[PDB]
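Values reported hereafter were calculated over all heavy atoms of this structure, with side chains retained and with hydrogens, waters and symmetry mates removed. A note on names: the letters A, B, ... follow the listed sequences, proteins ahead of strands, and every chain is numbered from 1.
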There are 2 protein chains.
Amino acid sequence: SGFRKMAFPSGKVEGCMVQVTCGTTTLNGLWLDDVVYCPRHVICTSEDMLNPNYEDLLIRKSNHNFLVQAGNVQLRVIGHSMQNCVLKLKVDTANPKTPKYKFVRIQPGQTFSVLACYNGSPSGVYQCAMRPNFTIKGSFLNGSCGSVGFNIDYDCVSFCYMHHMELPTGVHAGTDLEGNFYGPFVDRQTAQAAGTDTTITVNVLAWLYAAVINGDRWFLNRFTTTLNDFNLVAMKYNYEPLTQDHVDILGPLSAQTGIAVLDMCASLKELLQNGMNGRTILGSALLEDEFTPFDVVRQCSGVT
Amino acid sequence: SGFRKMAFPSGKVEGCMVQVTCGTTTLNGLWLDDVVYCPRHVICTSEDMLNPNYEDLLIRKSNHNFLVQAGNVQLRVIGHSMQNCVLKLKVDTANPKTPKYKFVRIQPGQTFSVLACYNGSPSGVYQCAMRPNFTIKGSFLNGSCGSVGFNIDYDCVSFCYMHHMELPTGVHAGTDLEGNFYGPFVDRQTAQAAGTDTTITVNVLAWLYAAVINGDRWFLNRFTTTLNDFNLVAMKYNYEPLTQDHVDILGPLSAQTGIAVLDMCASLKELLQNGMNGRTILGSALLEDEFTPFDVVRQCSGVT
Ligand SMILES: N#CCOc1ccccc1C(=O)NCc1cnsc1
Ligand SMILES: N#CCOc1ccccc1C(=O)NCc1cnsc1
C-alpha cells in the first residue's frame, strides 16, 4: 500500500553520463557504445545563442575541440557529426557500462524518469511527463543540458528525452535521442511561448484507480456518464478528450477494482464540477495527471 | 528553474541489493562489505507473525538456512547474528560494488530516498521523510521488506532506514541499520496505531523559499510575526513548533531571497488561516513538508 511519484532506478543511466566541454561551454553527454550524445548548443558561446547557424559554427570545430570526460578520465574523440539538434561524438572506447538500450520518441501523456546531471555527474532523479504542449515540468539549472529522460523494461533502457533549454516561463524543452525537439521548440534564445497545458485525462483516471486500490474511495459516486458527455465536461476544464483507446488502456485497472471506466469518469466529472472541498486523494489536494495506466499497474503490482 | 520531489541517484544502493530467503519467506537484503543486512522477520512463517520469540525461532536456523542471492549468483553464509530487529549474515565475499557508507539514525523531519525492491531487484526510487510520529508514507508491497532509505554526500551513502512493515492504516514502519525501529513499532502483527501526523513546519518554510526562488510569490504578504505568535497558529493547525534552531537552519534561504524567516512565517500563518483559495504553489494545492532546508539548497544550487 501507498502511492508515490516513483522514478526508475537510475544506476543504468548513471553509468552513461559524461561531461562534454567545447570551448568555454560545459554540459552533459550520454555515452552508449562508442558514441557520446549531447545537445548541439555545446558549440555555442553566449553571443551565438540569439541566432546561431549550427552548420557554420560546426565548421570551426574539430574532434580535439570537444573534451569528453567519463568520470575523471578523458575520452578520445575520433569523429563528430550533427544529427538534427544533437552531436554524436564518436569516441575510441565503447562505454563498458552500456546497458541494453533503445531510442524512442514518446507521445504527450507518457511519463519518464529524468536523471538530472551537472558536469557529467548525476545529482538527482525524478519522474516527469511529456506535457500535451510538448514541454516538461522539470527541475533543471544551467549546465543541466544533456541530462536524459528514460523508461526501463527489466534490463532495457528506452531513452526518450534529452534536455536542451528552459523557456522564459520556466518550463523545459528538449529533444528525443535523434535530436528532434518535442514540439515546435528551437535551440535558440528567442520568443517561444508554450501552448495550453491541458490535463492528461487518461492519467487522472489511472491515478483515481490507484487511489481506490489504496483505500481512498470518498470520491466514488452513484453516477455514470457517456464518453461524449464526459468530454463536454473535460473540454470546459482544459482536460484532454478521452478516447475509446484510453478506455481500453484503463481496462485492467477497471477489471482489478470492479469500477467501470465510465463510472470513474462520472466521479472525475463531479470532482471537476465541485472541487475537492478541502479533502485529499493520495495525499494530494489536486488531480494528479503524471502517472500513466501502465505506471499504476507497475507500482501497484511491483514490476522489477 | 523548476522544483521537483527529487530522489538521490540510486546506482550506489542498487549495487548492494540482494535477495534473502529463509524457508518459504523471501525479502530484500543490503550487502555492504562481507555482511548482508535484512529484517529479522525473514525467519518467521505466517503462523509466527502474531507473537514471535525471535531468539527461540533463531535457534532452529543455521548458516545454510539463509539463501542469499546477489543477482543470479548464490552467496555463501559463513555466519549469522541478530542485532535488535535485523539479521547480519556474514558472507564469504565482500560486495565488490560496496560504496563508501555510514549508518545513521535520522530525526523526524529529515528526508531520504527509498530504493523499493522485490526479490533483491530494484523496482523504483522515491523521496520520503521520517514523519513526526516515526512512520513513513512509503509505497511498499509484500516482499518490499529489506528495501532501504538513504542520503548521499558526494560519494558516501548514509543508510538511515530499512523497511519492515505496514501498519493497519497503510503507513510504514522500519528500523535504522542497527535494527532499532523508528518510534514505538514492533515487528509483529499486532495493534499498532500511529500517533498524530503533524506537519513539518521548518520544511514547509523551506518549500515556501523554494517557491519564491522559482517565481511563485503570490502568497508573500505585508505582515510579520514573532516565534511565539506563529507557534500559537502552528499548534492549532497541527504543525510542529518552530524553534530558534529552525530559524538558523533557514538562514541561507532567508539570505538568498532577502525575506526574513519571521516574514515567511507570517505568510505561512495567513496561508493556514485562509487556505489557498483554489491557487497553487510549485504546482501543488497543499503545503509541502517533505523537503528540508538542505534539500532546497541542494536542488536549487545543483549539488552533485
Ligand atoms: N532560459 C534559459 C536557458 O538556461 C537554462 C536554464 C535551465 C535549463 C537549461 C538552460 C541552459 O543551459 N540552456 C542553454 C541554451 C539552450 N539553448 S540556447 C542556450
Ligand atoms: N500489514 C502488513 C504487512 O504486509 C506488508 C505490506 C507492506 C509492506 C511490508 C509488508 C510485509 O511484508 N510485512 C511482513 C511482516 C512484518 N512484520 S510481521 C510480518
Side-chain angles (χ1 to χ4, degrees), chain A residues 1-15 17 97 113-128 136-144 152 154 166-167 169-172 214-216 275-276 278 280 283-287 295 298-304, chain B residues 1-15 17 97 113-128 136-144 152 154 166-167 169-172 214-216 275-276 278 280 283-287 295 298-304:
Chain A
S1 183
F3 209 68
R4 276 279 182 189
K5 188 64 71 60
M6 195 171 292
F8 284 107
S10 61
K12 287 182 181 309
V13 186
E14 296 177 38
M17 304 310 301
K97 306 178 193 170
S113 306
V114 171
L115 181 61
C117 308
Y118 298 91
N119 309 118
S121 304
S123 89
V125 60
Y126 57 83
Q127 191 74 353
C128 262
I136 100 176
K137 280 138 118 172
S139 177
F140 291 118
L141 309 156
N142 283 74
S144 66
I152 308 169
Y154 169 59
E166 180 172 299
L167 294 183
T169 53
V171 292
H172 304 100
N214 283 286
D216 264 84
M276 315 244 298
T280 61
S284 170
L286 58 74
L287 306 173
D295 297 343
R298 184 182 311 108
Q299 195 176 156
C300 295
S301 86
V303 180
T304 51
Chain B
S1 183
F3 209 68
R4 276 279 182 189
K5 188 64 71 60
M6 195 171 292
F8 284 107
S10 61
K12 287 182 181 309
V13 186
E14 296 177 38
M17 304 310 301
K97 306 178 193 170
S113 306
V114 171
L115 181 61
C117 308
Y118 298 91
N119 309 118
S121 304
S123 89
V125 60
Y126 57 83
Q127 191 74 353
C128 262
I136 100 176
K137 280 138 118 172
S139 177
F140 291 118
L141 309 156
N142 283 74
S144 66
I152 308 169
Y154 169 59
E166 180 172 299
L167 294 183
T169 53
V171 292
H172 304 100
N214 283 286
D216 264 84
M276 315 244 298
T280 61
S284 170
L286 58 74
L287 306 173
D295 297 343
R298 184 182 311 108
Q299 195 176 156
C300 295
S301 86
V303 180
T304 51

Asker: List for me each residue that meets salt bridge (charged side-chain N to carboxylate O under 4.0 Å, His left out) alongside A:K137, sequence neighbours excluded, and say none if there are none.
Answerer: A:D197
Asker: Under a 4.5 Å cut-off applied to non-hydrogen side-chain atoms, are B:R4 and A:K5 in contact?
Answerer: yes
Asker: Quick check on A:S113 against chain B: is it the side chain, the backbone, both or neither that has a heavy atom closer than 4.5 Å?
Answerer: neither
Asker: Check whether any side-chain heavy atom of A:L115 sits under 4.5 Å from a side-chain heavy atom of B:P9, and report yes or no.
Answerer: yes
Asker: Are A:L286 and B:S284 side-chain neighbours, meaning at least one heavy-atom pair lies under 4.5 Å?
Answerer: no
Asker: Between A:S139 and B:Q299, which heavy-atom pair has the shortest distance, and what is it?
Answerer: OG-OE1, 2.7 Å
Asker: When only pairs under 4.5 Å are counted, which of A:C300, A:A116, A:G278 shares the most heavy-atom pairs with chain B?
Answerer: A:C300
Asker: Output yes when a side-chain donor or acceptor of B:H172 lies under 3.5 Å from a complementary backbone atom of A:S1, and no otherwise.
Answerer: yes
Asker: Pairs in or reaching into residues 116-126 of chain B: which pass side-chain hydrogen bond (donor to acceptor under 3.5 Å, both in side chains), with residues at least two apart or in two chains?
Answerer: none
Asker: Would you say B:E14's side chain and A:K12's backbone share a donor-acceptor pair under 3.5 angstrom?
Answerer: no
